There are 2 protein chains.
Amino acid sequence: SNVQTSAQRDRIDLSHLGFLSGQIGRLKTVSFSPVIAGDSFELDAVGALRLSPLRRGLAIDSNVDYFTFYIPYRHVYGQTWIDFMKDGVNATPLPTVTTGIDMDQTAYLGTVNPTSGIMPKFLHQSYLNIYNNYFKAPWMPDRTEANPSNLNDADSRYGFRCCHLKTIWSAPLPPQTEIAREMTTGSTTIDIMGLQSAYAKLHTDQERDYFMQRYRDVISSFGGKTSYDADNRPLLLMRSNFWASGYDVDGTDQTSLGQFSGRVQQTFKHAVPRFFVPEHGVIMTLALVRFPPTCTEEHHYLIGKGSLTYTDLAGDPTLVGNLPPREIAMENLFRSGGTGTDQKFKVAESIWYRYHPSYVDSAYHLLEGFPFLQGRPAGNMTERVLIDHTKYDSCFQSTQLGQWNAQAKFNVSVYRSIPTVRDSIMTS
Amino acid sequence: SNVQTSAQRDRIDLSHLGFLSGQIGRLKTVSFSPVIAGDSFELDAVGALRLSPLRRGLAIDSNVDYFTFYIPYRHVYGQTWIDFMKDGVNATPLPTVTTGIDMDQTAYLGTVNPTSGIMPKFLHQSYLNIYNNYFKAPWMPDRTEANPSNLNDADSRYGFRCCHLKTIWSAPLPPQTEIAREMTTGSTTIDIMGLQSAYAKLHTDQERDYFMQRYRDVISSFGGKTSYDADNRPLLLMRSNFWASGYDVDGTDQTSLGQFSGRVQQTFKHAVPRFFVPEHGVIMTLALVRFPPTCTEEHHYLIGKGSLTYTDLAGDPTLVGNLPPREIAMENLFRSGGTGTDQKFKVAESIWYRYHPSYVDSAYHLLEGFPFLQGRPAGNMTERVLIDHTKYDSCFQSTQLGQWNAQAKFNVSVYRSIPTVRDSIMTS
DNA sequence: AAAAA
DNA sequence: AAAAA
DNA sequence: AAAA
DNA sequence: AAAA
């Protein structure tokens with residue numbers, strides 16, 4: 001009888017609750033919401049973050065980060081998505097990915113794993129794109145797992161391991177750093193105009209080692225700019241950063257009179273400005289919890305080197321600003337550090353005059369309840385930069401909620417051109 | 001000695017002259033200029049357009065169009081361009097295309113053909129992208145010639161054939177237009193809720209036949225928008241439209257006392273607003289000359305049908321707005337028109353009450369000097385919409401400059417971060 | 001932006 | 001946006 | 001007339 | 001000091 005061809009703008013409420021938990025230094029999705037082209041989106045999240053109960057009182061605060069991204073479906077499917085919308089009703093169904101059989105094999109995607117073992121691929125593919133563009137180190141290779149079932153238990157359960165806060169050892173110079181550059185002069189002659197050309201080519205190589213390892217960085221150096229559709233990267237909408245604090249509880253019985261237990265409870269807000277959605281896609285929110293990288297057995301570089309030369313100590317501007325980067329070992333910074341090839345990296349020529357490390361007294365070593373890196377970070381450069389959550393197990397009491405937990409309410413309001421429920425159920 | 005690492009913004013002059021010629025209704029490149037990321041570009045073209053001398057006086061003015069487009073190199077090379085800029089000095093040279101051996105095998109690209117037979121592919125590939133996105137009919141297939149040498153003599157010498165100005169026969173309904181839609185009702189029963197669903201699916205199919213045959217049109221119907229990098233299309237900067245006029249010259253000798261000769265000479269301006277160049281690429285300018293599509297042996301539809309029914313003549317709003325599109329033949333509009341399958345197309349139900357054709361008296365038939373389509377447009381629908389320049393040969397006197405010629409000065413001013421000539425030649 | 005400026 | 005508000 |  |  002009466003065929004409907006259009007719809008008014010209606011206020012849709014997409015608010016819901018979230019019960020979240022995770023580990024230290026792993027990225028995990030906490031909320032998502034699919035969107036349609038032409039929508040007007042707004043988000044506001046309010047909740048409280050908690051850590052597991054501590055073995056002692058409060059010593060060090062933790063840092064919490066919240067992120068929101070928008071990913072069009074065209075970035076995930078490509079040409080398949082283009083033909084999908086042009087065909088219309090008789091379009092081919094989109095491809096899928098395979099998941100595991102347990103209930104928690106997709107916890108990093110913020111959803112319960114369906115019993116069928118099959119789910120759409122836009123959440124898994126959007127997670128990889130975010131990680132490879134914003135969170136991993138620029139010099140390490142991308143993650144290219146095809147299906148969620150290809151991950152190990154740790155990655156699927158809690159998320160991918162992220163990088164420590166920047167220090168001398170956790171933010172070294174990239175591995176493709178050269179300390180020498182050779183030329184092909186003659187046996188008894190040299191071209192000096194050719195020498196000038198050699199320095200010019202070395203300058204462009206050093207630019208791409210320190211600043212420009214991505215395509216959008218190269219364009220930015222010329223003074224241009226690239227849209228997020230040019231390099232197929234997710235669009236960041238909002239970032240929030242805050243510190244979590246709490247209070248202490250005192251024991252009052254015979255045995256525990258004089259000891260204390262700390263609990264962390266912090267309220268937060270994550271507000272995203274109004275956004276106009278240009279195409280069909282998804283909007284995802286993620287969280288990250290980290291501690292400042294304090295190590296017990298770390299000392300000053302001048303203390304660790306022992307025998308000091310004029311270059312080390314004088315701080316002469318002519319020598320500091322004209323020498324190639326120096327290669328140092330982990331032994332020079334940590335007790336029992338290594339000397340082999342895997343314990344070697346390169347730093348600035350006088351970096352020790354621009355920072356001072358933190359000191360932990362030997363009375364605090366091997367003491368439960370203090371969030372510390374006991375000893376030194378182990379492994380090669382890749383394992384040294386990435387955070388390992390199992391090293392923080394000595395700070396918390398064993399519980400089923402991991403190392404941190406939160407409860408938040410996401411206030412989502414969208415203006416959508418969709419027919420009402422009454423229109424959908426009445427034939428005439 | 002002294003190595004330079006930066007440069008000031010300098011005013012570069014890229015002005016040059018152009019001597020242009022072509023045929024009626026063929027797209028041809030008249031100017032181009034490569035650009036660098038971060039540039040500030042501005043263009044202003046001033047010149048005069050001429051036609052070949054006419055066999056008689058001035059009767060009909062012609063229409064001239066000028067276009068300017070910007071095409072990044074990333075649209076032409078894709079991932080190859082991305083790796084080119086990330087590698088730096090030691091990058092692999094870009095691929096090339098093969099050209100012909102004659103001097104005029106690349107005239108449609110606005111350049112003289114080099115004697116080596118090899119040229120970069122960014123001009124040829126940018127020309128195809130412009131034609132497939134803005135000039136061909138939406139329902140005809142794309143042009144995908146790999147090399148300039150794969151074209152025929154006519155296309156390479158003058159350009160691709162474009163479409164006539166919109167009329168009843170030159171702008172028909174797309175060939176994928178249906179006049180019926182079937183359902184699968186029962187032998188003695190019908191579902192009426194299923195009938196409502198059938199109309200909904202028919203509406204979406206008709207939307208994609210009349211309005212949305214490109215991806216960016218589908219997104220626009222939802223109320224969203226797509227950048228030119230999403231569908232990899234050229235960016236239009238400016239369009240100019242004007243008519244060309246002239247005057248007449250009188251003969252004064254014994255034989256030609258009383259006859260006249262018309263010449264067309266029109267000055268024009270094509271100004272492009274200041275543009276910020278975001279990436280490396282090229283900026284191209286093209287021209288198009290067309291005549292209004294007047295045919296000698298064309299008559300009214302009511303005259304050609306002969307026997308008139310109530311639906312044809314009454315103009316009743318209920319019948320006009322509720323009937324499927326009607327299929328008519330070329331015989332109903334042109335003398336000696338066809339009736340076979342290739343001379344059939346579909347129009348609106350009462351299109352003849354919304355326009356009136358032009359009348360040419362029989363005294364003007366087969367008379368040299370008048371720009372007309374003698375008789376009818378021949379061929380199938382594809383050949384009927386595209387303009388054929390050989391039909392206008394009877395209007396001009398034979399000359400080496402084709403059917404139109406022009407002489408213009410392009411004022412190009414760009415702000416570029418490039419070192420001076422003195423910096424480039426002095427070592428210190 | 002085909003339809004006098 | 002790690003570095004009291 | 002529907003957000004009955 | 002260069003746009004000598």
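Residue numbering restarts at 1 for every chain, and letters A, B, ... go by the order of the sequence lines.
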Using residues 237-246 of chain B as the side-chain source, report each donor-acceptor pair under 3.5 Å to any protein atom, sequence neighbours left out, with the distance given to one decimal.
{"residue": "B/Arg239", "atom": "NE", "partner": "B/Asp65", "partner atom": "OD1", "Å": "3.4"}
{"residue": "B/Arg239", "atom": "NH2", "partner": "B/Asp65", "partner atom": "OD2", "Å": "3.4"}
{"residue": "B/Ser240", "atom": "OG", "partner": "B/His270", "partner atom": "ND1", "Å": "2.7"}
{"residue": "B/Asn241", "atom": "OD1", "partner": "B/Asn63", "partner atom": "ND2", "Å": "2.9"}
{"residue": "B/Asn241", "atom": "ND2", "partner": "B/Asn63", "partner atom": "OD1", "Å": "3.2"}
{"residue": "B/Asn241", "atom": "ND2", "partner": "B/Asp65", "partner atom": "OD1", "Å": "2.8"}
{"residue": "B/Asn241", "atom": "ND2", "partner": "B/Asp65", "partner atom": "OD2", "Å": "3.1"}

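A positive value of the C1'-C2'-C3'-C4' torsion places the sugar of C/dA1 in the north (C3'-endo) family.
Contacts of B/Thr427 classified as side chain to side chain donor-acceptor pair (under 3.5 Å), with partners at least two apart in sequence or in another chain: none. For A/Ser417, the side chain to side chain donor-acceptor pair (under 3.5 Å) test picks out no residue, with sequence neighbours left out. Scanning for side chain to side chain donor-acceptor pair (under 3.5 Å) contacts around B/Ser62 gives an empty result, with sequence neighbours left out. In terms of the side chain to side chain donor-acceptor pair (under 3.5 Å) criterion, B/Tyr228 has no residue partners (sequence neighbours excluded).
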What's touching nucleotides 2-5 of chain D from the protein side, N or O pairs under 3.5 Å?
{"residue": "D/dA2", "atom": "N6", "partner": "A/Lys166", "partner atom": "O", "Å": "3.4"}
{"residue": "D/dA2", "atom": "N1", "partner": "A/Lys166", "partner atom": "O", "Å": "3.2"}

